[PDB]
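We begin with a single chain expressed as structure tokens, specifically the form deposited in one PDB entry.
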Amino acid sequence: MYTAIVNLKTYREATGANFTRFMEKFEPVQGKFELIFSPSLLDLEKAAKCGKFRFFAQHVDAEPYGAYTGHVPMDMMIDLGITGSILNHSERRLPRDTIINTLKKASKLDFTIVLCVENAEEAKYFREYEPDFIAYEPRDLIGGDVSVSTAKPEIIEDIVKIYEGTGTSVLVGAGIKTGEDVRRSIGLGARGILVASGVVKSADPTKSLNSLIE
């Protein structure tokens, strides 16, 4: 019933040659949390070939197969077995029309979009386009040791309210380190979490993740 997304970003520990050995340490989970990992674009085909976990891309382009140098098309991901993507992350922000065009395309194709937003106004703006997930991550907290649930509890509540009774699930991220941060987020109405450094940069990633989702 809840979702946990582990965003590997482009961290040295979980990308390139390290991707396989980093993942090797995790085991599937049964619990309240559906587990999703987000590998770097260069690692995504490798990830998809295994399929030991559910994998989402970090970013996706709406352009079809064809003359699109330097793109990562949604149709190509689908063919590789990738069933979703993060979009508009604070580190990979996009114009609004691009986002809308991509959501429109994904809605036809049973491809899941996790749309990141930086505030409640952006969250509202995108509501009518019916993203599958909204991921609230305040830009300045990302990578830090202060939880979004600690720092922005009222904004979390506002975004949840915005999406109440829609098919969109609200996730929250930035600075999530402990089980307590996760409980607090669920307590404020969120349906799950995104995490990167708290897991990827840990002395024991597998154990850190288990702390969050237990």
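C-alpha atoms forming the largest set that superposes within 1.5 Å between two forms make up the rigid core. Only residues modelled in both forms are compared. The first residue of the shown sequence is 1; numbering continues from there.
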query	finding
Mean Cα B-factor comparison, 183-191 or 35-43, giving the higher one as deposited	183-191
Of 87-95 and 100-108, the one with larger mean CA B-factor	100-108
Highest recorded Cα temperature factor - choice among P73, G143, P138, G81	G81
Per the PDB entry, maximal CA B factor within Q58, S147, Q30, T69	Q30
Third assignment of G173 from its chain's C-alpha B-factors	lowest
Relative C-alpha B-factor of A17, binned into the chain's lowest, middle or highest third	highest
Lowest, middle or highest third - CA B-factor, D132	middle
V6 by Cα B-factor - lowest, middle or highest third of the modelled chain	lowest
Modelled-residue ranking by C-alpha temperature factor, third containing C50	highest
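What comes next is about the form deposited in another entry, which is not displayed.
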{"property": "Core-superposed comparison between the shown form and the other one: the option from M76, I100, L141, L94 whose CA moves 2 angstroms or more", "result": "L141"}
{"property": "Large Cα shift (2 Å or above) at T168 between the shown form and the other one, core-fitted", "result": "no"}
{"property": "C-alpha of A151 moved at least 2 Å between the shown form and the other one on rigid core", "result": "yes"}
{"property": "Closer or farther in the other form, the Cα atoms of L141 and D158, when the shift from this form is 3 Å or more", "result": "closer"}
{"property": "Core-superposed comparison between the shown form and the other one, runs of at least 3 residues with CA shifts of 2 Å or more", "result": "138-153"}
